[PDB]
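> below is the sequence, then the experimental coordinates.
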Amino acid sequence: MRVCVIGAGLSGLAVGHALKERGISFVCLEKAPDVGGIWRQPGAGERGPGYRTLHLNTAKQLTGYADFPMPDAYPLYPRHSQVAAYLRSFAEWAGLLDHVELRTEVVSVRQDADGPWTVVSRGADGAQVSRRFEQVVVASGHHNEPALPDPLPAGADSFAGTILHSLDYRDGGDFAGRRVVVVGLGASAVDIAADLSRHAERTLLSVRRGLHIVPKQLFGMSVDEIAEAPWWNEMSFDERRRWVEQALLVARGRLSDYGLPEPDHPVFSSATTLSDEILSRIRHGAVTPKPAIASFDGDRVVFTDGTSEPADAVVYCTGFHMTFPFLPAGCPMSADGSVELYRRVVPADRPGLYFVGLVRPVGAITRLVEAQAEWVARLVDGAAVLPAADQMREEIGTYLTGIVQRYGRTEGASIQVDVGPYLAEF
Ligand SMILES: Cc1cc2nc3c(=O)[nH]c(=O)nc-3n(C[C@H](O)[C@H](O)[C@H](O)COP(=O)(O)OP(=O)(O)OC[C@H]3O[C@@H](n4cnc5c(N)ncnc54)[C@H](O)[C@@H]3O)c2cc1C
Ligand SMILES: NC(=O)c1ccc[n+]([C@@H]2O[C@H](COP(=O)([O-])OP(=O)(O)OC[C@H]3O[C@@H](n4cnc5c(N)ncnc54)[C@H](OP(=O)(O)O)[C@@H]3O)[C@@H](O)[C@H]2O)c1
C-alpha cells in the first residue's frame, strides 16, 4: 500500500531495502521474469543493453552494496552473469522478493487530487490491474530505449544486410565469418567491435568524433579507485589533467597512431571510453578504424572518406534515450535539454514521487542510489522534509545554469554529478 516502487534493478532493490529497514509497506513491480535489471539480460538471451562479453568497468568493492560485499572470489570486474547472480542473492538476503512482483509491468501512473497515486500494471496474462498507492518511487533506469542516428544514411532501406542496435546484440558468435560495421566510440562500441574480431571475418569501427580512449587501469589502480585516492583528490584540476595526459601517452601514446580522431576537447571535457582491448585490436588488424557511414550501396556500406566495404551487418552502438512511458505527465524535464529534479530525485510540483538512479556519476552509481534510497525512506514516513516548491526550484536552477559551465549544453548533462560532494550531503 504505502510505497509503489517501479523497478527491481539495482536501484529498486536498493530502495526496497531502505524502506524495509524502516518498516514501510511497499512493492517492486518488475516487468522482467527476475530481478537484476540490465545485468540479468545477457544470460537470459534477452534484448537489453548488455551482451555476453559485458563486464563491469567499476571496481567491485566500489560497486557492490556497502552492506553486502560481492563474493571475494569475484574479480575486480565480474561478468554480467556474476553481477546478476550477486544482485539476486542480495534480494534473498534482504527478504525483498515477497515484496516483488515479477513479470508485472506498470503501464501508467497518475496522481489523484487526494494525494495517492493510481498505478495500473500488466501481468503475463496480458491483463491489466489498477491500484492506488500512497507514494510512488521511480526506479526504472534511463538506458531503456535505443537511440538511432537522426536520419538513417541513404539506401538503408535497400541494404540487403542487417542493421541493428547494441540492445539486439548478443554474442557475435551469431556473426561468425560475416562482415560487420560497429558504429560508435562508446563503452558499447569498443566492447562489441572487440567481441566481433574474434568471431567476424572482418570488423570495422565507424566513428564520427574522437573520444579519449583510456585503459581500465593505471598504475595497477582502476580509474575509479584513483578518484577516491587521497593523492588524486589532493591535486587540483590542472594537476589532474596533465597527470592523466602524461599517463595516457606513456600507456597508449597518441590515439592518432591508431587511426582514431583526436578529441576536440581535452581529457575530462571529452567523454572517456574505458577499454583494455580496442587499441590492441587495431594494432593486430582485428578491427579496422573507419570514419562515418555515408550510404548503403547494395551489399556494401560506403564511408565518408570514400571507401566501400562489403558488410553483412551493422550494429549501431549509438546510445540510448531516457523515456518514462508510464508517466503521461512527462519525464521531469526543462525543454532546454534538462531534468527537473530537486537534488536529482524530487519533482517540485508532485508530492510523493521520487526518482532513484537518474544520475550519472564518474564511476559506480551504487553509493549514490544507496544514499538516494535512505533519504527517500525518511521522506516517505516524515523523518525528513523538503523545501517549499519555489525553493526546490532554486536548487534545480542552480544545478542547471551550472552544468553549462563545467560542461555545456548537450544531451543529458542534466543527470550529471560529482561523486564526492553529492554524497557529502547525506
Ligand atoms: C550496458 C551497460 C553497462 C553498464 N556497466 C556498468 C558498470 O560496469 N558499472 C556501473 O557502475 N554501472 C554500469 N552501468 C550503469 C547501470 O545502469 C547500473 O549498473 C545499474 O544497472 C542501475 O540500474 P537501475 O536499477 O537504475 O535500472 P536498470 O537496471 O537499468 O533497470 C531497472 C529495472 O526497471 C525495470 N522496469 C522498467 N520499466 C518498468 C515497468 N514499466 N514496469 C516494471 N519494471 C520496469 C527494468 O526491467 C529493469 O529491470 C551500465 C549500464 C549499461 C546500460
Ligand atoms: N561496463 C561497461 O564496459 C559498459 C558497457 C556498455 C555501456 N556502459 C555504460 O552504459 C552507458 C551506455 O552508453 P553507450 O555505450 O551506448 O555509449 P554513449 O556514451 O551513448 O556513446 C554512443 C556513441 O555513439 C556515437 N553517436 C551518437 N550519436 C551518433 C549518431 N547520430 N551517429 C553516429 N554515432 C553517434 C557517440 O559519438 P560521440 O561521443 O562523438 O557523440 C558515441 O561514441 C554509458 O553510460 C556507458 O558508460 C558500460
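Yep, it's here. Numbers count the residues shown, from 1 in each chain. Ligands and ions are numbered 1, 2, ... in the order given.
> contacts and neighbour counts: CA atoms only from here.
Will do.
> close to ligand 2, is the one helix or strand residue 296 maps to?
Using DSSP states H and E, the secondary-structure element containing residue 296 is strand 293-297. No - Strand 293-297 does not reach ligand 2 (Cα under 6 Å from any ligand atom); its nearest approach is 8.2 Å.
> please list the residues of the stretch 301-426 of the chain that sit near ligand 2.
Proximity of the stretch 301-426 of the chain to ligand 2 is assessed by Cα under 6 Å from any ligand atom, with 317, 318, 319, 320 identified as the residues in range.
> from those residues, which is closest to residue 368?
Each of those was checked against residue 368 using Cα to Cα; the closest is residue 320, at 21.1 Å.
> follow-up on the earlier one: any chance you could give me the next helix or strand after the strand holding residue 296 in PDB, C-alpha atoms only?
Going down the chain from strand 293-297, the next helix or strand is strand 300-303, by DSSP H and E. Extracted as PDB, the C-alpha positions of strand 300-303 are listed here (Å, rounded to 0.1, in the frame of the first residue of the first chain):
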ATOM      1  CA  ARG A 300      28.300  -2.800 -49.000                       C
ATOM      2  CA  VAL A 301      28.500   0.400 -46.900                       C
ATOM      3  CA  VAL A 302      30.200   3.500 -48.200                       C
ATOM      4  CA  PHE A 303      32.200   5.700 -45.800                       C
END
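> list the buried ones in strand 300-303?
Applying a neighbour-count criterion of 16 or more other Cα atoms under 10 Å, one finds 300, 301, 302, 303 buried in strand 300-303.
> how about the residues you listed in a markdown table, adding distance to residue 3?
Compiled in a markdown table, those are given as follows (distance: Cα to Cα, whole Å):
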| residue | distance to residue 3 |
| --- | --- |
| 300 | 53 |
| 301 | 51 |
| 302 | 53 |
| 303 | 52 |
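> helices or strands up against the strand holding residue 296?
Using 3 or more Cα pairs under 8 Å, 6 or more residues apart in numbering; DSSP states H and E as the contact criterion, the secondary-structure elements in contact with strand 293-297 are strand 300-303.
> partners of the strand it packs on in the sheet?
Here the strand partners of strand 300-303, with direction, are listed using DSSP bridges: strand 293-297 (antiparallel), strand 308-310 (antiparallel).
> list the contacts of the longest one.
Residues outside strand 293-297 that contact it (Cα atoms under 8 Å, 6 or more residues apart in numbering) are 153, 154, 155, 156, 158, 159, 206, 301, 302, 303, 304.
> quick check: residue 131 is in a strand.
Yes - when the secondary structure is assigned by DSSP: H, G, I helix; E, B strand; the rest coil, residue 131 falls within a strand.
> for residue 82, which non-adjacent residue is closest in space?
With Cα to Cα, 6 or more residues apart in numbering as the measure, residue 74 is the residue that lies nearest to residue 82, at 7.7 Å, once sequence neighbours are left out.
> just the element for that neighbour, please.
Assessed by DSSP H and E, residue 74 sits outside every helix and strand.
> could you check how far it is from residue 373?
Counting by Cα to Cα, to the nearest Å, the gap between residue 74 and residue 373 amounts to 26 Å.
> neighbours of residue 107, how many?
As a burial measure, the neighbour count of residue 107 was computed by other Cα atoms under 10 Å and equals 16.
> show me which residues of the helix or strand containing it are buried.
Under DSSP H and E, the secondary-structure element containing residue 107 is strand 105-111. Using 16+ other Cα under 10 Å as the burial criterion, the residues of strand 105-111 that qualify are 105, 106, 107, 108, 109, 111.
> what helices or strands is that strand leaning on?
Counting by 3+ Cα pairs under 8 Å, 6+ apart, the packing neighbours recorded for strand 105-111 are strand 117-122.
> now do the strand it packs on and strand 105-111, the angle between them.
160 degrees (axes from the mean of the first three to the mean of the last three Cα atoms, to 10 degrees).
> buried set for stretch 239-247?
Taking 16+ other Cα under 10 Å as the neighbour-count basis, stretch 239-247 is seen to contain the buried residues residue 244.
> residues making contact with that stretch?
Counting contacts by Cα under 8 Å, 6+ apart, the residues outside stretch 239-247 that touch it are 218, 232, 267, 268.
> ChimeraX command to pick out the buried ones of the residues you listed?
Once 16+ other Cα under 10 Å is used to decide burial, the buried members of the contacts of stretch 239-247 can be selected in ChimeraX as follows:
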select :267
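> which ones among the contacts of stretch 239-247 map onto strands?
Among the contacts of stretch 239-247, the residues falling in strands (DSSP state E) are residue 218.
> out of the contacts of stretch 239-247, which comes closest to residue 335?
residue 268 (25.9 Å).
> for that closest one, give me its contacts.
residue 241 are the contacts of residue 268 under Cα under 8 Å, 6+ apart.
> so what does it look like in phi/psi?
Recorded main-chain torsions at residue 268 are phi 90, psi -10, according to degrees, to the nearest 10.
> from residue 3, how far out is it?
Applying Cα to Cα, the value for residue 268 to residue 3 is 39 Å.
> for residue 108, same thing?
Counting by Cα to Cα - residue 108 and residue 3 are separated by 16 Å.
> ok, how many other residues are close to the residue nearest to residue 274 when sequence neighbours are not counted?
Nearest residue to residue 274 in three dimensions, chain neighbours excluded: residue 214, at 4.8 Å (Cα to Cα, 6+ apart). Summarising burial for residue 214: neighbours were counted as other Cα under 10 Å, giving 21.
> and for residue 335?
Number of residues near residue 335 (other Cα under 10 Å) recorded here: 8.
> more neighbours, residue 74 and residue 373?
Counting neighbours by other Cα under 10 Å for residue 74 and for residue 373 shows that residue 373 has the greater number, 27 against 13.
> can you give me how far the host helix or strand of that one is from the chain middle?
Under the assignment given by DSSP H and E, the secondary-structure element containing residue 373 is helix 366-380. With Cα atoms, centre = their mean, to the nearest Å as the basis, helix 366-380 stands 19 Å off its chain's centre.
> got it, and stretch 128-146?
Computed by Cα atoms, centre = their mean, the separation of stretch 128-146 from the middle of its chain amounts to 18 Å.
> that stretch: which residues count as buried?
By neighbour count with 16+ other Cα under 10 Å, stretch 128-146 contains the buried residues 132-141, 143-144, 146.
> can you narrow those residues to ones near ligand 1?
Near ligand 1, by the rule Cα under 6 Å from any ligand atom, you find 139, 140, 141, 143 out of the buried residues of stretch 128-146.
> and the residues you listed, which is closest to residue 348?
With Cα to Cα as the yardstick, the closest approach to residue 348 among those comes from residue 139, at 17.8 Å.
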